[PDB]
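Read the single chain below, which is given as structure tokens and is the form deposited in one PDB entry.
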């Protein structure tokens, strides 16, 4: 009874290091000297708030944070940036969501998408991931390519291959 796990992981310590290093980089940049510019990781909600004084400077901070994150092994696709920036007072900010684990809403689409493929596999939501089982190892490879090549909004890896 072959099975594997569909997971979406980011080492949160590496993320914190990226933020820490993005902050040290902003403090060196003299286009930001004496400019309100902050990057704060909320480790409860898996979110990074980046705030500055213009929407242009917010994107500058996001690009710095993404560069630092990539070097720590975290890919830009793991940092969900919402459509709307917030204009509050003389500040601009956005809450960027770190896509660690597969949220309930995305698990449903993965399970639905696997259903509509007609492959003889079962897909069971388990904690923060999806276990997939079936009798054919090759059908199990087809769902990997199906998930890989989906636009699901997030990187996935596959772990825990069992027979």
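For clarity, a rigid core is taken as the largest C-alpha set superposing within 1.5 Å between two forms. Positions refer to the first chain, counted from 1.
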Item checked: Mean C-alpha temperature factor, higher of 71 to 79 and 87 to 95 -> 71 to 79
Next item on the list: Using only the Cα atoms and their B-factors as the entry lists them, report which of 110 to 118 and 47 to 55 averages higher.
Entry: 110 to 118
Notebook entry, point to check: Looking at 36, 103, 138, 31, which has the highest CA B-factor as recorded?
Noted result: 103
Item checked: Entry-reported Cα temperature factor of residue 64, expressed as the chain third it lands in -> lowest
Notebook entry, point to check: Can you tell me which third, lowest, middle or highest, the CA B-factor of residue 152 falls into for its chain?
Noted result: highest
Next item on the list: Grab the CA temperature factor for residue 22 from the record and place it in the lowest, middle or highest third of its chain.
Entry: middle
Margin query: Going by the CA temperature factor in the PDB record, which third of the chain does residue 125 belong to: lowest, middle or highest?
Written below: highest
Margin query: Among the modelled residues of this chain, does the Cα B factor of residue 143 put it in the lowest, middle or highest third?
Written below: lowest
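The same protein also has a form deposited in another entry, omitted here; what follows describes it.
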Margin query: Once the rigid core is superposed, exactly one of 63, 36, 95, 103 has its CA displaced by 2 Å or more between the shown form and the other one; which residue is that?
Written below: 103
Check: When the two forms are laid on each other by their rigid core, does residue 54 show a Cα shift of 2 Å or more between the shown form and the other one?
Finding: no
Note to self: Once both forms sit on the same rigid core, is the C-alpha displacement of residue 27 at or above 2 Å between the shown form and the other one?
What the structure shows: no
Notebook entry, point to check: Under a superposition restricted to the rigid core, does residue 122 display a Cα displacement of 2 angstroms or more between the shown form and the other one?
Noted result: no
